[PDB]
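J.: File upload-v1.tsv follows (TSV, N, CA and C atoms):
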```tsv
chain	number	residue	atom	x	y	z
D	273	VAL	N	-69.84	-10.67	53.78
D	273	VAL	CA	-70.61	-9.50	54.28
D	273	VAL	C	-70.20	-8.24	53.53
D	274	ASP	N	-69.16	-8.38	52.74
D	274	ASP	CA	-68.64	-7.29	51.94
D	274	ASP	C	-69.33	-7.27	50.58
D	275	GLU	N	-69.56	-8.46	50.04
D	275	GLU	CA	-70.33	-8.61	48.82
D	275	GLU	C	-71.66	-9.28	49.11
D	276	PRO	N	-72.74	-8.49	49.13
D	276	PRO	CA	-74.08	-9.02	49.29
D	276	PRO	C	-74.53	-9.74	48.02
D	277	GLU	N	-74.53	-9.03	46.90
D	277	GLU	CA	-74.94	-9.60	45.62
D	277	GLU	C	-76.31	-10.26	45.73
D	278	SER	N	-77.15	-9.69	46.57
D	278	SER	CA	-78.48	-10.21	46.79
D	278	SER	C	-79.41	-9.12	47.28
D	279	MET	N	-80.64	-9.16	46.80
D	279	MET	CA	-81.69	-8.28	47.28
D	279	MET	C	-82.93	-9.10	47.57
D	280	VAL	N	-83.25	-9.27	48.84
D	280	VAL	CA	-84.41	-10.05	49.22
D	280	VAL	C	-85.54	-9.14	49.65
D	281	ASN	N	-86.74	-9.45	49.19
D	281	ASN	CA	-87.92	-8.70	49.58
D	281	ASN	C	-88.62	-9.43	50.70
D	282	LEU	N	-88.81	-8.74	51.80
D	282	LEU	CA	-89.36	-9.34	53.00
D	282	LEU	C	-90.89	-9.35	52.94
D	283	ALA	N	-91.49	-10.42	53.44
D	283	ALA	CA	-92.94	-10.55	53.43
D	283	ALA	C	-93.50	-10.48	54.84
D	284	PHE	N	-92.64	-10.67	55.83
D	284	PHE	CA	-93.06	-10.61	57.22
D	284	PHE	C	-92.43	-9.41	57.90
D	285	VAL	N	-93.25	-8.62	58.57
D	285	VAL	CA	-92.76	-7.46	59.29
D	285	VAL	C	-93.12	-7.56	60.76
D	286	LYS	N	-92.29	-7.00	61.62
D	286	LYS	CA	-92.57	-6.98	63.04
D	286	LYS	C	-92.61	-5.54	63.53
D	287	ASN	N	-93.80	-4.95	63.56
D	287	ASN	CA	-93.95	-3.56	63.98
D	287	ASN	C	-95.38	-3.30	64.44
D	288	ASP	N	-95.61	-2.13	65.00
D	288	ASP	CA	-96.97	-1.65	65.21
D	288	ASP	C	-97.05	-0.16	64.99
D	289	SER	N	-98.11	0.28	64.34
D	289	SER	CA	-98.26	1.67	63.98
D	289	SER	C	-99.54	2.26	64.56
D	290	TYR	N	-99.48	3.53	64.93
D	290	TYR	CA	-100.65	4.28	65.31
D	290	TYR	C	-100.45	5.76	65.02
D	291	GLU	N	-101.54	6.47	64.86
D	291	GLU	CA	-101.48	7.89	64.55
D	291	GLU	C	-101.74	8.70	65.80
D	292	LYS	N	-100.83	9.60	66.09
D	292	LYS	CA	-100.82	10.33	67.34
D	292	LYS	C	-100.81	11.82	67.08
D	293	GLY	N	-101.84	12.50	67.54
D	293	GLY	CA	-101.97	13.91	67.28
D	293	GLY	C	-102.72	14.17	65.99
D	294	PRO	N	-102.93	15.44	65.63
D	294	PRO	CA	-103.70	15.80	64.43
D	294	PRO	C	-102.98	15.45	63.13
D	295	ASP	N	-101.68	15.70	63.08
D	295	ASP	CA	-100.94	15.56	61.83
D	295	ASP	C	-99.80	14.55	61.96
D	296	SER	N	-99.73	13.83	63.06
D	296	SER	CA	-98.58	12.98	63.29
D	296	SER	C	-98.97	11.52	63.42
D	297	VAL	N	-98.05	10.67	63.00
D	297	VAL	CA	-98.20	9.23	63.09
D	297	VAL	C	-96.86	8.62	63.49
D	298	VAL	N	-96.83	7.94	64.62
D	298	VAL	CA	-95.59	7.40	65.13
D	298	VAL	C	-95.66	5.88	65.24
D	299	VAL	N	-94.65	5.24	64.70
D	299	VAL	CA	-94.61	3.80	64.61
D	299	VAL	C	-93.33	3.28	65.24
D	300	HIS	N	-93.34	2.03	65.70
D	300	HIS	CA	-92.09	1.41	66.08
D	300	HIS	C	-91.95	0.04	65.47
D	301	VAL	N	-90.90	-0.08	64.68
D	301	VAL	CA	-90.56	-1.32	64.03
D	301	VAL	C	-89.57	-2.09	64.89
D	302	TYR	N	-89.76	-3.39	64.99
D	302	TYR	CA	-88.85	-4.22	65.75
D	302	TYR	C	-87.76	-4.73	64.83
D	303	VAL	N	-86.60	-4.11	64.90
D	303	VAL	CA	-85.48	-4.51	64.08
D	303	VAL	C	-84.29	-4.80	64.98
D	304	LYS	N	-83.91	-6.06	65.01
D	304	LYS	CA	-82.93	-6.55	65.96
D	304	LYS	C	-81.92	-7.45	65.27
D	305	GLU	N	-80.79	-7.66	65.93
D	305	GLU	CA	-79.73	-8.53	65.43
D	305	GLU	C	-79.28	-8.10	64.04
D	306	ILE	N	-79.24	-6.80	63.83
D	306	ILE	CA	-78.98	-6.23	62.52
D	306	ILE	C	-77.54	-5.76	62.39
D	307	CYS	N	-76.94	-6.06	61.25
D	307	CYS	CA	-75.65	-5.50	60.91
D	307	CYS	C	-75.85	-4.04	60.54
D	308	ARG	N	-75.71	-3.17	61.53
D	308	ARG	CA	-76.00	-1.74	61.38
D	308	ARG	C	-75.07	-1.10	60.35
D	309	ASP	N	-73.96	-1.77	60.08
D	309	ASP	CA	-73.01	-1.34	59.06
D	309	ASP	C	-73.64	-1.39	57.67
D	310	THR	N	-74.69	-2.19	57.53
D	310	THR	CA	-75.28	-2.44	56.23
D	310	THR	C	-76.76	-2.07	56.22
D	311	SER	N	-77.22	-1.56	57.35
D	311	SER	CA	-78.61	-1.16	57.48
D	311	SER	C	-78.82	0.23	56.92
D	312	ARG	N	-79.51	0.30	55.79
D	312	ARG	CA	-79.71	1.55	55.08
D	312	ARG	C	-81.20	1.86	54.94
D	313	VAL	N	-81.52	3.13	54.79
D	313	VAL	CA	-82.89	3.55	54.58
D	313	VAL	C	-82.98	4.44	53.34
D	314	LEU	N	-83.84	4.06	52.42
D	314	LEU	CA	-84.09	4.86	51.24
D	314	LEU	C	-85.48	5.45	51.37
D	315	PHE	N	-85.55	6.75	51.57
D	315	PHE	CA	-86.83	7.41	51.83
D	315	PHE	C	-87.06	8.54	50.85
D	316	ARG	N	-88.33	8.81	50.59
D	316	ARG	CA	-88.73	9.93	49.75
D	316	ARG	C	-89.99	10.56	50.31
D	317	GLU	N	-90.60	11.42	49.51
D	317	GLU	CA	-91.83	12.14	49.85
D	317	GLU	C	-92.81	11.33	50.73
D	318	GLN	N	-93.33	10.20	50.25
D	318	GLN	CA	-94.27	9.42	51.05
D	318	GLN	C	-93.82	7.98	51.31
D	319	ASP	N	-92.90	7.45	50.52
D	319	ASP	CA	-92.50	6.05	50.70
D	319	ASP	C	-91.06	5.91	51.16
D	320	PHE	N	-90.79	4.77	51.77
D	320	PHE	CA	-89.46	4.46	52.29
D	320	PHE	C	-89.17	2.97	52.23
D	321	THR	N	-87.90	2.64	52.02
D	321	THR	CA	-87.45	1.26	51.94
D	321	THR	C	-86.31	1.03	52.93
D	322	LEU	N	-86.44	0.00	53.75
D	322	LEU	CA	-85.42	-0.36	54.72
D	322	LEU	C	-84.68	-1.61	54.27
D	323	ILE	N	-83.40	-1.48	53.97
D	323	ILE	CA	-82.59	-2.60	53.50
D	323	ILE	C	-81.48	-2.92	54.50
D	324	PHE	N	-81.40	-4.17	54.95
D	324	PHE	CA	-80.43	-4.52	55.99
D	324	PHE	C	-80.16	-6.01	56.06
D	325	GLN	N	-79.18	-6.36	56.89
D	325	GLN	CA	-78.83	-7.74	57.15
D	325	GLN	C	-78.99	-8.05	58.63
D	326	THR	N	-79.34	-9.29	58.93
D	326	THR	CA	-79.58	-9.72	60.31
D	326	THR	C	-78.94	-11.09	60.53
D	327	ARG	N	-78.99	-11.59	61.76
D	327	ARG	CA	-78.51	-12.93	62.02
D	327	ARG	C	-79.62	-13.79	62.61
D	328	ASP	N	-80.03	-14.79	61.85
D	328	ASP	CA	-80.99	-15.78	62.33
D	328	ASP	C	-80.41	-17.16	62.09
D	329	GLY	N	-79.85	-17.74	63.15
D	329	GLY	CA	-79.12	-18.99	63.04
D	329	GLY	C	-79.94	-20.12	62.46
D	330	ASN	N	-81.20	-20.18	62.86
D	330	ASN	CA	-82.11	-21.24	62.41
D	330	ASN	C	-82.29	-21.19	60.90
D	331	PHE	N	-82.54	-20.00	60.39
D	331	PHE	CA	-82.76	-19.81	58.96
D	331	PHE	C	-81.47	-19.93	58.17
D	332	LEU	N	-80.41	-19.27	58.64
D	332	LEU	CA	-79.17	-19.21	57.87
D	332	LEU	C	-78.51	-20.59	57.74
D	333	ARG	N	-78.65	-21.43	58.76
D	333	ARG	CA	-78.05	-22.75	58.76
D	333	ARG	C	-78.72	-23.65	57.73
D	334	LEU	N	-79.96	-23.31	57.39
D	334	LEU	CA	-80.73	-24.10	56.44
D	334	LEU	C	-80.29	-23.82	55.01
D	335	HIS	N	-79.59	-22.71	54.81
D	335	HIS	CA	-79.05	-22.38	53.50
D	335	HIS	C	-77.63	-21.88	53.66
D	336	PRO	N	-76.64	-22.76	53.51
D	336	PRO	CA	-75.24	-22.39	53.70
D	336	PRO	C	-74.86	-21.15	52.89
D	337	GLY	N	-74.35	-20.15	53.58
D	337	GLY	CA	-73.98	-18.91	52.93
D	337	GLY	C	-75.02	-17.82	53.12
D	338	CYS	N	-76.27	-18.22	53.37
D	338	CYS	CA	-77.33	-17.25	53.59
D	338	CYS	C	-77.10	-16.50	54.90
D	339	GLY	N	-77.43	-15.22	54.90
D	339	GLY	CA	-77.22	-14.40	56.07
D	339	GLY	C	-76.23	-13.28	55.81
D	340	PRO	N	-74.93	-13.53	56.00
D	340	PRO	CA	-73.88	-12.52	55.79
D	340	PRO	C	-73.73	-12.12	54.33
D	341	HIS	N	-74.29	-12.92	53.43
D	341	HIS	CA	-74.31	-12.57	52.01
D	341	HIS	C	-75.71	-12.17	51.55
D	342	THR	N	-76.67	-12.29	52.44
D	342	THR	CA	-78.05	-12.02	52.09
D	342	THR	C	-78.49	-10.66	52.61
D	343	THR	N	-78.76	-9.73	51.70
D	343	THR	CA	-79.26	-8.43	52.10
D	343	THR	C	-80.69	-8.22	51.63
D	344	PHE	N	-81.54	-7.80	52.54
D	344	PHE	CA	-82.96	-7.72	52.26
D	344	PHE	C	-83.56	-6.38	52.60
D	345	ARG	N	-84.66	-6.09	51.95
D	345	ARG	CA	-85.30	-4.80	52.05
D	345	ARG	C	-86.79	-4.94	52.32
D	346	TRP	N	-87.31	-4.05	53.15
D	346	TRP	CA	-88.74	-3.93	53.35
D	346	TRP	C	-89.17	-2.54	52.92
D	347	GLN	N	-90.19	-2.47	52.09
D	347	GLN	CA	-90.61	-1.20	51.53
D	347	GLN	C	-92.02	-0.88	51.97
D	348	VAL	N	-92.20	0.33	52.47
D	348	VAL	CA	-93.52	0.82	52.80
D	348	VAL	C	-93.83	2.10	52.04
D	349	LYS	N	-94.86	2.07	51.20
D	349	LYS	CA	-95.35	3.30	50.61
D	349	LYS	C	-96.48	3.83	51.46
D	350	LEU	N	-96.22	4.92	52.15
D	350	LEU	CA	-97.21	5.50	53.03
D	350	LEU	C	-98.15	6.38	52.24
D	351	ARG	N	-99.43	6.29	52.54
D	351	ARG	CA	-100.42	7.09	51.86
D	351	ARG	C	-100.53	8.44	52.53
D	352	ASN	N	-100.60	9.49	51.70
D	352	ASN	CA	-100.53	10.88	52.15
D	352	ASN	C	-99.09	11.24	52.49
D	353	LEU	N	-98.41	11.85	51.50
D	353	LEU	CA	-97.03	12.33	51.62
D	353	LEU	C	-96.71	12.92	52.99
D	354	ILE	N	-95.47	12.73	53.41
D	354	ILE	CA	-94.99	13.20	54.69
D	354	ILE	C	-93.91	14.26	54.51
D	355	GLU	N	-93.59	14.99	55.58
D	355	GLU	CA	-92.56	16.04	55.48
D	355	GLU	C	-91.25	15.58	56.12
D	356	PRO	N	-90.32	15.02	55.33
D	356	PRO	CA	-89.07	14.45	55.84
D	356	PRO	C	-88.28	15.44	56.69
D	357	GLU	N	-88.42	16.72	56.36
D	357	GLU	CA	-87.72	17.79	57.06
D	357	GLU	C	-88.08	17.84	58.54
D	358	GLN	N	-89.30	17.44	58.86
D	358	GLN	CA	-89.80	17.53	60.23
D	358	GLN	C	-89.70	16.20	60.95
D	359	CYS	N	-89.26	15.17	60.24
D	359	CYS	CA	-89.27	13.82	60.78
D	359	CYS	C	-88.11	13.55	61.69
D	360	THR	N	-88.38	12.68	62.63
D	360	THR	CA	-87.40	12.32	63.62
D	360	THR	C	-87.50	10.83	63.91
D	361	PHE	N	-86.47	10.30	64.53
D	361	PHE	CA	-86.42	8.89	64.84
D	361	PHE	C	-86.07	8.70	66.30
D	362	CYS	N	-86.32	7.51	66.78
D	362	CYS	CA	-86.16	7.19	68.18
D	362	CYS	C	-85.67	5.75	68.32
D	363	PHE	N	-84.49	5.57	68.88
D	363	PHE	CA	-83.88	4.26	68.91
D	363	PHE	C	-83.89	3.66	70.31
D	364	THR	N	-84.54	2.52	70.44
D	364	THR	CA	-84.42	1.72	71.64
D	364	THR	C	-83.43	0.59	71.41
D	365	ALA	N	-83.27	-0.29	72.38
D	365	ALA	CA	-82.25	-1.33	72.29
D	365	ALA	C	-82.55	-2.34	71.19
D	366	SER	N	-83.82	-2.72	71.08
D	366	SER	CA	-84.22	-3.77	70.16
D	366	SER	C	-85.25	-3.26	69.15
D	367	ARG	N	-85.85	-2.12	69.44
D	367	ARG	CA	-86.88	-1.59	68.57
D	367	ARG	C	-86.46	-0.24	68.01
D	368	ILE	N	-87.11	0.17	66.94
D	368	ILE	CA	-86.90	1.48	66.36
D	368	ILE	C	-88.21	2.25	66.31
D	369	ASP	N	-88.27	3.36	67.04
D	369	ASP	CA	-89.44	4.22	67.04
D	369	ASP	C	-89.23	5.33	66.02
D	370	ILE	N	-90.25	5.66	65.27
D	370	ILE	CA	-90.14	6.75	64.31
D	370	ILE	C	-91.34	7.68	64.40
D	371	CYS	N	-91.09	8.98	64.33
D	371	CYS	CA	-92.17	9.95	64.34
D	371	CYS	C	-92.36	10.54	62.95
D	372	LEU	N	-93.49	10.18	62.33
D	372	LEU	CA	-93.81	10.58	60.97
D	372	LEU	C	-94.84	11.70	60.95
D	373	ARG	N	-94.55	12.73	60.16
D	373	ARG	CA	-95.44	13.89	60.03
D	373	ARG	C	-96.31	13.76	58.80
D	374	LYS	N	-97.61	13.59	59.01
D	374	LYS	CA	-98.56	13.36	57.93
D	374	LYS	C	-99.07	14.68	57.38
D	375	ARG	N	-98.17	15.44	56.77
D	375	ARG	CA	-98.47	16.80	56.33
D	375	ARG	C	-99.56	16.87	55.27
D	376	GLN	N	-99.76	15.78	54.54
D	376	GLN	CA	-100.80	15.74	53.52
D	376	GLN	C	-102.19	15.75	54.17
D	377	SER	N	-102.21	15.65	55.50
D	377	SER	CA	-103.42	15.81	56.31
D	377	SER	C	-104.29	14.56	56.30
D	378	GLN	N	-104.81	14.21	57.47
D	378	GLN	CA	-105.78	13.13	57.58
D	378	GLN	C	-107.19	13.70	57.56
D	379	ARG	N	-108.10	12.99	56.92
D	379	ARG	CA	-109.44	13.50	56.69
D	379	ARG	C	-110.46	12.79	57.58
D	380	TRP	N	-111.50	13.53	57.97
D	380	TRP	CA	-112.61	13.00	58.76
D	380	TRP	C	-112.18	12.67	60.19
D	381	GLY	N	-112.55	13.55	61.12
D	381	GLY	CA	-112.28	13.31	62.52
D	381	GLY	C	-113.55	13.27	63.34
D	382	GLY	N	-114.68	13.38	62.65
D	382	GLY	CA	-115.96	13.40	63.32
D	382	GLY	C	-116.45	14.81	63.56
D	383	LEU	N	-116.74	15.12	64.81
D	383	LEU	CA	-117.18	16.46	65.18
D	383	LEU	C	-115.99	17.30	65.62
D	384	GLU	N	-115.74	18.38	64.91
D	384	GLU	CA	-114.64	19.26	65.22
D	384	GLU	C	-115.16	20.59	65.74
D	385	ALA	N	-114.46	21.15	66.72
D	385	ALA	CA	-114.86	22.41	67.31
D	385	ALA	C	-114.22	23.57	66.57
D	386	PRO	N	-115.02	24.55	66.14
D	386	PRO	CA	-114.52	25.78	65.51
D	386	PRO	C	-113.72	26.63	66.50
```
Output the structure of this file as structure tokens.
T.:
Amino acid sequence: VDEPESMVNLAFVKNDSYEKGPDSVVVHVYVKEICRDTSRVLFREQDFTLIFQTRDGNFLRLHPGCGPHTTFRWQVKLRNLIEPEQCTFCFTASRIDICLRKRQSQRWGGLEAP
């Protein structure tokens, strides 16, 4: 767990996203059984990458050594840059809620009142 020497790209994600308010979008990703010591986030203007380790006995047992030496990342490039300065996070026991500010603005809301 000290030497990962591995970067795995994840193809399956467990989350749900929705846009809340005029300029805000808040999502919650289900990230559990994670070695928080190794759970890192690489974020920029509009995109972010989540790299971490977890424990899945069923999967890890199928490949001896996999798991504590396996570090993987999920990358999301969000469309319409966000303002990291205004961003906040929300931690539940098994899920991670995040409040994203869509400062690049969302277009077309239908009929708007002056």
J.: Interatomic distance between CA of residue 319 in chain D and CA of residue 339 in chain D?
T.: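 Computing the Euclidean distance for CA of residue 319 in chain D and CA of residue 339 in chain D yields 26.1 Å.
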J.: List every residue of range 282-375 of chain D that DSSP, applied to the backbone of this structure, places in helix (DSSP H, G or I), and write the result as a list in words.
T.: residues 329, 330, 331, 332, 333, 334, 356, 357 and 358 of chain D
J.: Find the spatial neighbours of residue 301 in chain D, counting only N, CA and C atoms, within a cut-off of 5 Å - ignore same-chain residues fewer than 4 positions away - and output them as a list in words.
T.: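 Counting only N, CA and C atoms, the residues come to residues 286, 287, 367, 368 and 369 of chain D.
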J.: Within 8 Å of (-87.3, -3.4, 53.9) (coordinates as in the file), grab all the protein and nucleic acid residues, counting all atoms listed in the file, and write them out as a list in words.
T.: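 The answer, in the requested form, is residues 280, 281, 282, 320, 321, 322, 323, 324, 344, 345, 346, 347 and 348 of chain D.
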J.: Can you pull out the residues contacting range 325-327 of chain D? Cut-off 6 Å, using only N, CA and C atoms, and skip same-chain residues under 4 positions away; I want them as number ranges by chain.
T.: D: 304-307, 310-311, 339, 342-344
J.: Write out as a PyMOL selection string which residues come within 6 Å of residue 375 in chain D when counting only N, CA and C atoms, dropping same-chain ones fewer than 5 positions away.
T.: chain D and resi 295+353-355
J.: Using CA of residue 359 in chain D and CA of residue 276 in chain D as the two end points, give the distance in Å to one decimal.
T.: 29.7 Å
J.: So how many Å separate atom C of residue 337 in chain D and atom C of residue 278 in chain D, to one decimal?
T.: 11.4 Å
J.: Pick out the closest residue to residue 350 in chain D from this set: D:293, D:318, D:288, D:313. Count all atoms listed in the file.
T.: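 Of D:293, D:318, D:288, D:313, the one nearest residue 350 in chain D, counting all atoms listed in the file, is D:318.
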J.: Kindly indicate which residue among D:275, D:378, D:358, D:386 lies nearest to residue 294 in chain D, using only N, CA and C atoms for the distances.
T.: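 Checking each candidate against residue 294 in chain D, we get D:378 as the closest.
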J.: Could you give me the residues within chain D that DSSP places in strand (DSSP E), as a CSV table (one decimal) with N, CA and C atoms, in the frame of the given file?
T.:
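Okay, this is what ended up in selection-v1.csv:
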```
chain,number,residue,atom,x,y,z
D,280,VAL,N,-83.2,-9.3,48.8
D,280,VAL,CA,-84.4,-10.0,49.2
D,280,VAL,C,-85.5,-9.1,49.6
D,281,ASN,N,-86.7,-9.4,49.2
D,281,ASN,CA,-87.9,-8.7,49.6
D,281,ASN,C,-88.6,-9.4,50.7
D,287,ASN,N,-93.8,-5.0,63.6
D,287,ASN,CA,-94.0,-3.6,64.0
D,287,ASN,C,-95.4,-3.3,64.4
D,288,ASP,N,-95.6,-2.1,65.0
D,288,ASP,CA,-97.0,-1.6,65.2
D,288,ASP,C,-97.0,-0.2,65.0
D,289,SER,N,-98.1,0.3,64.3
D,289,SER,CA,-98.3,1.7,64.0
D,289,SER,C,-99.5,2.3,64.6
D,290,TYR,N,-99.5,3.5,64.9
D,290,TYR,CA,-100.6,4.3,65.3
D,290,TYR,C,-100.4,5.8,65.0
D,291,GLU,N,-101.5,6.5,64.9
D,291,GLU,CA,-101.5,7.9,64.6
D,291,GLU,C,-101.7,8.7,65.8
D,296,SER,N,-99.7,13.8,63.1
D,296,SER,CA,-98.6,13.0,63.3
D,296,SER,C,-99.0,11.5,63.4
D,297,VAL,N,-98.0,10.7,63.0
D,297,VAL,CA,-98.2,9.2,63.1
D,297,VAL,C,-96.9,8.6,63.5
D,298,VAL,N,-96.8,7.9,64.6
D,298,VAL,CA,-95.6,7.4,65.1
D,298,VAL,C,-95.7,5.9,65.2
D,299,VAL,N,-94.6,5.2,64.7
D,299,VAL,CA,-94.6,3.8,64.6
D,299,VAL,C,-93.3,3.3,65.2
D,300,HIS,N,-93.3,2.0,65.7
D,300,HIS,CA,-92.1,1.4,66.1
D,300,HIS,C,-92.0,0.0,65.5
D,301,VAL,N,-90.9,-0.1,64.7
D,301,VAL,CA,-90.6,-1.3,64.0
D,301,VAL,C,-89.6,-2.1,64.9
D,302,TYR,N,-89.8,-3.4,65.0
D,302,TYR,CA,-88.8,-4.2,65.8
D,302,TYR,C,-87.8,-4.7,64.8
D,312,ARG,N,-79.5,0.3,55.8
D,312,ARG,CA,-79.7,1.6,55.1
D,312,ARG,C,-81.2,1.9,54.9
D,313,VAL,N,-81.5,3.1,54.8
D,313,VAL,CA,-82.9,3.6,54.6
D,313,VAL,C,-83.0,4.4,53.3
D,314,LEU,N,-83.8,4.1,52.4
D,314,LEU,CA,-84.1,4.9,51.2
D,314,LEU,C,-85.5,5.4,51.4
D,315,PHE,N,-85.6,6.8,51.6
D,315,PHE,CA,-86.8,7.4,51.8
D,315,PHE,C,-87.1,8.5,50.8
D,319,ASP,N,-92.9,7.4,50.5
D,319,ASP,CA,-92.5,6.0,50.7
D,319,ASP,C,-91.1,5.9,51.2
D,320,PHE,N,-90.8,4.8,51.8
D,320,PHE,CA,-89.5,4.5,52.3
D,320,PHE,C,-89.2,3.0,52.2
D,321,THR,N,-87.9,2.6,52.0
D,321,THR,CA,-87.4,1.3,51.9
D,321,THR,C,-86.3,1.0,52.9
D,322,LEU,N,-86.4,0.0,53.8
D,322,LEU,CA,-85.4,-0.4,54.7
D,322,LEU,C,-84.7,-1.6,54.3
D,323,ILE,N,-83.4,-1.5,54.0
D,323,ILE,CA,-82.6,-2.6,53.5
D,323,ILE,C,-81.5,-2.9,54.5
D,324,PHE,N,-81.4,-4.2,55.0
D,324,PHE,CA,-80.4,-4.5,56.0
D,324,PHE,C,-80.2,-6.0,56.1
D,344,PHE,N,-81.5,-7.8,52.5
D,344,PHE,CA,-83.0,-7.7,52.3
D,344,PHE,C,-83.6,-6.4,52.6
D,345,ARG,N,-84.7,-6.1,52.0
D,345,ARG,CA,-85.3,-4.8,52.0
D,345,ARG,C,-86.8,-4.9,52.3
D,346,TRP,N,-87.3,-4.0,53.2
D,346,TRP,CA,-88.7,-3.9,53.4
D,346,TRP,C,-89.2,-2.5,52.9
D,347,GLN,N,-90.2,-2.5,52.1
D,347,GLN,CA,-90.6,-1.2,51.5
D,347,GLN,C,-92.0,-0.9,52.0
D,348,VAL,N,-92.2,0.3,52.5
D,348,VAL,CA,-93.5,0.8,52.8
D,348,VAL,C,-93.8,2.1,52.0
D,349,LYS,N,-94.9,2.1,51.2
D,349,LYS,CA,-95.4,3.3,50.6
D,349,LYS,C,-96.5,3.8,51.5
D,360,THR,N,-88.4,12.7,62.6
D,360,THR,CA,-87.4,12.3,63.6
D,360,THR,C,-87.5,10.8,63.9
D,361,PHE,N,-86.5,10.3,64.5
D,361,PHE,CA,-86.4,8.9,64.8
D,361,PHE,C,-86.1,8.7,66.3
D,362,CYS,N,-86.3,7.5,66.8
D,362,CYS,CA,-86.2,7.2,68.2
D,362,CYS,C,-85.7,5.8,68.3
D,363,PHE,N,-84.5,5.6,68.9
D,363,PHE,CA,-83.9,4.3,68.9
D,363,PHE,C,-83.9,3.7,70.3
D,367,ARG,N,-85.8,-2.1,69.4
D,367,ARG,CA,-86.9,-1.6,68.6
D,367,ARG,C,-86.5,-0.2,68.0
D,368,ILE,N,-87.1,0.2,66.9
D,368,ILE,CA,-86.9,1.5,66.4
D,368,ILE,C,-88.2,2.2,66.3
D,369,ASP,N,-88.3,3.4,67.0
D,369,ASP,CA,-89.4,4.2,67.0
D,369,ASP,C,-89.2,5.3,66.0
D,370,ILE,N,-90.2,5.7,65.3
D,370,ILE,CA,-90.1,6.8,64.3
D,370,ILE,C,-91.3,7.7,64.4
D,371,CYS,N,-91.1,9.0,64.3
D,371,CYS,CA,-92.2,10.0,64.3
D,371,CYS,C,-92.4,10.5,63.0
D,372,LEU,N,-93.5,10.2,62.3
D,372,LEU,CA,-93.8,10.6,61.0
D,372,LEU,C,-94.8,11.7,61.0
D,373,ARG,N,-94.6,12.7,60.2
D,373,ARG,CA,-95.4,13.9,60.0
D,373,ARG,C,-96.3,13.8,58.8
```
J.: I need the residue nearest residue 302 in chain D from this list: D:383, D:365, D:372, D:314. Use only C-alpha atoms for the distance.
T.: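 Ranking D:383, D:365, D:372, D:314 by distance to residue 302 in chain D, first place goes to D:365.
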J.: Taking only C-alpha atoms into account, name the residue in D:277, D:291, D:309, D:317 that is nearest to residue 376 in chain D.
T.: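 That would be D:317, the residue with the smallest distance to residue 376 in chain D.
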